[PDB]
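Data block below; observations after.
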Amino acid sequence: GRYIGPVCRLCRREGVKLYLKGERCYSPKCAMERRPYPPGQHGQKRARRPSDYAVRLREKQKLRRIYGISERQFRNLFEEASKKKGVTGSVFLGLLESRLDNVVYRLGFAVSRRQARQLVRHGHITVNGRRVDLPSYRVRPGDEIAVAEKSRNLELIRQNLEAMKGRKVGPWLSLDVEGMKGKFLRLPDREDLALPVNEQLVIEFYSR
Amino acid sequence: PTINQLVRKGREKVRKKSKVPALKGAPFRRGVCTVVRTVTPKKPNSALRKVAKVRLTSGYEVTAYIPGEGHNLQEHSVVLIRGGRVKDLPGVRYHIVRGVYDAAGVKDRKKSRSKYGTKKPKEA
Amino acid sequence: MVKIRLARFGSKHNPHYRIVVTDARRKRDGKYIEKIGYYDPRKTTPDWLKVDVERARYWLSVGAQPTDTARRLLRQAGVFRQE
Amino acid sequence: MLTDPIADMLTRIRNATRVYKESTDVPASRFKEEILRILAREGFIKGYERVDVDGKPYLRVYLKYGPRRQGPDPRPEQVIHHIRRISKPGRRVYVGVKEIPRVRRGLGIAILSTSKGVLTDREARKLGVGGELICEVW
Amino acid sequence: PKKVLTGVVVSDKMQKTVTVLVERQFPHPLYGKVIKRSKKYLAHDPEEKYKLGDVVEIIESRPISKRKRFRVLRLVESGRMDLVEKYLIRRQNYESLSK
Amino acid sequence: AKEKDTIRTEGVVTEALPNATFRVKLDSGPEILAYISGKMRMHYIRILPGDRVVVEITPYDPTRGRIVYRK
RNA sequence: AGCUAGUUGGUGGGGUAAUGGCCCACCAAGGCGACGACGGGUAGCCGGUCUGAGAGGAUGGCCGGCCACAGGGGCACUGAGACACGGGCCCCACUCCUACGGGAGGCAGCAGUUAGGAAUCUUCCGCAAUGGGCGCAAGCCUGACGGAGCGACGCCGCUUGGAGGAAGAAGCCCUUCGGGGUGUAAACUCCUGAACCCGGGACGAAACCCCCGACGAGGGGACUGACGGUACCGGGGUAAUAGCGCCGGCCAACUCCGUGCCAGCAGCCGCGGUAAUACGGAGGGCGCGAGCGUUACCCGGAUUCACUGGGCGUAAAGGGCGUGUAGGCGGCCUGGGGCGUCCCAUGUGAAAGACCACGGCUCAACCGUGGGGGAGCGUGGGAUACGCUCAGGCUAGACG
Ligand SMILES: [Mg+2]
Ligand SMILES: [Mg+2]
Ligand SMILES: [Mg+2]
Ligand SMILES: [Mg+2]
Ligand SMILES: [Mg+2]
Ligand SMILES: [Mg+2]
Ligand SMILES: [Mg+2]
Ligand SMILES: [Mg+2]
Ligand SMILES: [Mg+2]
Ligand SMILES: [Mg+2]
Ligand SMILES: [Mg+2]
Ligand SMILES: [Mg+2]
Ligand SMILES: [Mg+2]
Ligand SMILES: [Mg+2]
Ligand SMILES: [Mg+2]
Ligand SMILES: [Mg+2]
Ligand SMILES: [Mg+2]
Ligand SMILES: [Mg+2]
Ligand SMILES: [Mg+2]
Ligand SMILES: [Mg+2]
Ligand SMILES: [Mg+2]
Ligand SMILES: [Mg+2]
Ligand SMILES: [Mg+2]
Ligand SMILES: [Mg+2]
Ligand SMILES: [Mg+2]
Ligand SMILES: [Mg+2]
Ligand SMILES: [Mg+2]
Ligand SMILES: [Mg+2]
Ligand SMILES: [Mg+2]
Ligand SMILES: [Mg+2]
Ligand SMILES: [Mg+2]
Ligand SMILES: [Mg+2]
Ligand SMILES: [Mg+2]
Ligand SMILES: [Mg+2]
Ligand SMILES: [Mg+2]
Ligand SMILES: [Mg+2]
Ligand SMILES: [Mg+2]
Ligand SMILES: [Mg+2]
Ligand SMILES: [Mg+2]
Ligand SMILES: [Mg+2]
Ligand SMILES: [Mg+2]
Ligand SMILES: [Mg+2]
Ligand SMILES: [Mg+2]
Ligand SMILES: [Mg+2]
Ligand SMILES: [Mg+2]
Ligand SMILES: [Mg+2]
Ligand SMILES: [Mg+2]
Ligand SMILES: [Mg+2]
Ligand SMILES: [Mg+2]
């Protein structure tokens, strides 16, 4: 299922911050600020000019790592995007974002994408007033994500909301911090996202 | 070839000549050994590269190659061929897949295991 | 005897039907003559049955014979209704 | 046997352009004239007059050229960079209006003989009629 | 409609019958170049009205014999034996290519 | 695993076959087509019939020996 | 490379629902064939499926259509319909009982057995649904179907936690001896609770039936669930499976020790003949992950059968040359026909699928609804440049 394991390792590998921790990764601890070299026994060792293939692959990994998806799932999403009318690159990213867990992470209900997923999968997340426990679940625009009433009083969620209190969500989103609701208003874009990825590369990779 | 020529004769559709006659186009044939012998490899490799003549459920009598170090492979050993000509030994087009019937897991391989039929070692 | 009847479609536990006119001697899922309605028993949709009425009437007239369930469905969506 | 006229004419044009002959000359025909007209309007040529070369009706074809261009290869940039008969005798080519070739993604053209006459691909699409696809030019 | 064909009478050698020969200029599915294939049709000739080298219009009928399924509907032009001639020569040729 | 198993027995060079293969009759007995060692080949060490050579022999097939040492 | 003698056509008849050499009697001597007949091999065929940018190439499992066949081979009978899977007769082969004369069979129905095989399922529940047959109806059947089981066999969804947390414990590994690595990984605190347990509990099922109303419409009534106490919902509630391939190049990912052209690896190239980023282990890393690999097959890449889209001086490839038959191909002008060609209209292109849109399953896979597209082929009309054809003329080709 999950990546299920050492995370900031991934960050180190992809040579860039990937924020799969949410709190710690923000702090002076992401093992990029303190240290920043690809992990294992050949870390500080010379980084030889990578192949064209290699770069593409790494980009894909970065992207996949960011949205925490089994490769198969990712591939399927890509395929769907390709099939769909509109720019595959941008559209693919939009689709990825649309993922319920990812939306939750972005709305802020949870600080970490992993954490968001976990929250979703236990049933603390509710689209349109229903227990929507499927991290996969792509949400359409115009849909209200809210913490379940039975999960509003729970401390973690409250803490997250407090953290998010005042500080802004996304341009594509809306959040009501009081009622713990949050409307997935429009569908997202490319400029709307801070991503260390170049989705063109991903496309190229898939094309091969 | 002029289009009239094409019309008359057309293209000889390129028939893919089958590289393995294990038969049925079947993935594996289990045959019974005759001779586990040892063979001198071709021009640039020198070893004593092991092998087994195998007589089949497909009636053919073909020498498969045994991968891995050692083999409880004997003579009247019922064994599963795999298919995949080995470059060195001339006219040996098959393998014995290990970890089935008479052939057994290459003992205490820790790395590339599933390819040698070696069951995961019980770590303490 | 060309029947009006319910060709089963959908899936497992997803039963769906087409109100469909076919010769009696057919695979119940087989090549029917005309799909003249469809019907979902699980009533998931708001439009859980929609029968084209005129076509059904025509079929009845030539002497197509509605199967009990099919007949019921037709009645529900007013084909036998005479005003 | 001279065994295609149209193709020969096209080829003649091509050959004259390759060595920057100001004007080629090709034995006259109605069909050929029509083709030339289409070419002419499109702009692949300055135009044609119809002389009588040694007894017989002949079309001069005044080949257009891009300007004498600076540097190695002083060779005036051809306008008919490439010309190709498509329906040749033997394999004749008839395309429905839907099947009409978009030559160079729009840039050069495809001459189509239609029931409506000889007319560019564009014209064919406009009139909504296919025909025998003579050639492409770019 | 009943299938209407146009062909030349290559043979009269059976009572009340004509071997008509229909050309059918179809484009060749793969290459495109339009082939000119041709088939013999045995055609019921009610009177022996039609002689060799008659280009006729032929219609599919109920059977009136194993490989004889066509009324001769009507005549077009008659006497063009040139067309019978080519066919005949082709038929003759075979006698060569053998063992 | 790499099994230590071979027999390091000596033998008279009977006859030269191709490649650098020899039917060498051992100390104990049976003549086996014995191919020259890789090491020997590397250091160009010729052999002719009428020699006494070290021949490492297999347990799996005691019919194909291997001429190890330079005579 | 020739095949054919009921073979081909006729007349007459028989037979059939009906045409017909289907069959026969009698004539006539045809008929098919290199535009590839006959023969051999192979094979169910298609909607589709895969693959491909496409053209195409493969393939026809499952679902739908059609055929054929129900041990092999005949043959009818009955019937609306069969030459009849769970009807009949006969011969043959096999098994089964035989009081040896004789009979009994037929799983390519579901399930199962055994064999063959690399390999393929439970001697399951149910008529509740939908369909079938019969019957006034009740109802009875129904291995159709609905379901359940088993198989990571595929697809999709999910779990094996999450937040913090050292300028970095140990263990293991490298080291140039400082240190690096594994790695925030763990430990540990907090959180959440797959599992699991308790409570509830479906939708799928409203008809058929009965009454009022004419046994019509129409209205009311009453019954009925295999799955299944399942899904799901409410409460309860523990940190709770990771593996497999690879790590010379192609190809994402390197160091050490073992080893010494051995043992081995290999898809190709090729590593191994004492510093192996290629073998075996170790650490480390990369890829995917309930999978990952290998095999086999298909397409792809392979424009490597090239129609789109290759070629032939030397690389494989121009016949040794003529002269020619079939065929292919065809100069210029005018006119018709309009067969090819194009266009328009409509018919067809079933359903499913595939395309799109929405919808329903907590998402998806899956499914449903609606739309469109569609190569092709049919018919009506039209168009005339091209090709075709017929007619007329012309001299550039050709011949004289
Ligand atoms: Mg999965
Ligand atoms: Mg290996
Ligand atoms: Mg008769
Ligand atoms: Mg016959
Ligand atoms: Mg007779
Ligand atoms: Mg056969
Ligand atoms: Mg077969
Ligand atoms: Mg086929
Ligand atoms: Mg089928
Ligand atoms: Mg049987
Ligand atoms: Mg029988
Ligand atoms: Mg039979
Ligand atoms: Mg029966
Ligand atoms: Mg029978
Ligand atoms: Mg039958
Ligand atoms: Mg049976
Ligand atoms: Mg069975
Ligand atoms: Mg068994
Ligand atoms: Mg067996
Ligand atoms: Mg089953
Ligand atoms: Mg029962
Ligand atoms: Mg029923
Ligand atoms: Mg009774
Ligand atoms: Mg019974
Ligand atoms: Mg079933
Ligand atoms: Mg499963
Ligand atoms: Mg398995
Ligand atoms: Mg953690
Ligand atoms: Mg708790
Ligand atoms: Mg319960
Ligand atoms: Mg743990
Ligand atoms: Mg690499
Ligand atoms: Mg390798
Ligand atoms: Mg190694
Ligand atoms: Mg697999
Ligand atoms: Mg190809
Ligand atoms: Mg070509
Ligand atoms: Mg070539
Ligand atoms: Mg040559
Ligand atoms: Mg020559
Ligand atoms: Mg000649
Ligand atoms: Mg000729
Ligand atoms: Mg012409
Ligand atoms: Mg001609
Ligand atoms: Mg359809
Ligand atoms: Mg549909
Ligand atoms: Mg939905
Ligand atoms: Mg003329
Ligand atoms: Mg002369």
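We number chain A the way Swiss-Prot does; in order, the residues shown are 2-209.
Method of determination (from the header): electron microscopy, 3.5 Å.
Heads up, the Cβ atoms here are built off N, Cα and C, so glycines get one too.
The annotation Zn(2+) binding site is assigned in Swiss-Prot to A:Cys9, A:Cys12, A:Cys26, A:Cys31. The feature domain 'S4 RNA-binding' is assigned by Swiss-Prot to A:99-161.
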Neighbour tally for A:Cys26 (Zn(2+) binding site), based on other Cβ positions within 10 Å of its Cβ: 20
A:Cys31 (Zn(2+) binding site): tally of other CB atoms within 10 A of its CB: 22
Chain-mates of A:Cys9, A:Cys12, A:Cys26, A:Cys31 with C-beta within 8 Å of site centroid, Zn(2+): A:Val8, A:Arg13, A:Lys18, A:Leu19, A:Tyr20, A:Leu21, A:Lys22, A:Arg25, A:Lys30, A:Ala32, A:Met33
For the domain 'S4 RNA-binding' (A:99-161), residues assigned helix / strand / coil by DSSP: 29 helix, 11 strand, 23 coil
Sites among the binding-site residues A:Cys9, A:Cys12, A:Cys26, A:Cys31 close to chain B [C-beta, under 8 Å]: none
DSSP three-state assignment (helix, strand or coil) for A:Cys31 (Zn(2+) binding site): coil
